[PDB]
């Protein structure tokens, strides 16, 4: 009966957890948790999330 625009993000559970951490810090990122591997995210924040994930993973001093 209702539709809303957004960006669907499909990712592994560990990445889902990381995006939730990003949201908790920055807010206004995650619109809905959909399932263990899917989120609805603010479309204007998708590139931010992708860049931040890359930084979190690639720049980790314990790599």
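Numbering follows the first chain given and starts at 1.
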{"item": "Residue 28, C-alpha B-factor rank within chain (lowest, middle or highest third)", "value": "highest"}
{"item": "Ranked against its chain, the third holding the CA B-factor of residue 39", "value": "lowest"}
{"item": "Residue 50 - Cα temperature factor, lowest/middle/highest third of chain", "value": "middle"}
{"item": "CA B-factor ranking of residue 19, expressed as a third of its chain", "value": "lowest"}
{"item": "Chain-relative CA temperature factor third for residue 7", "value": "lowest"}
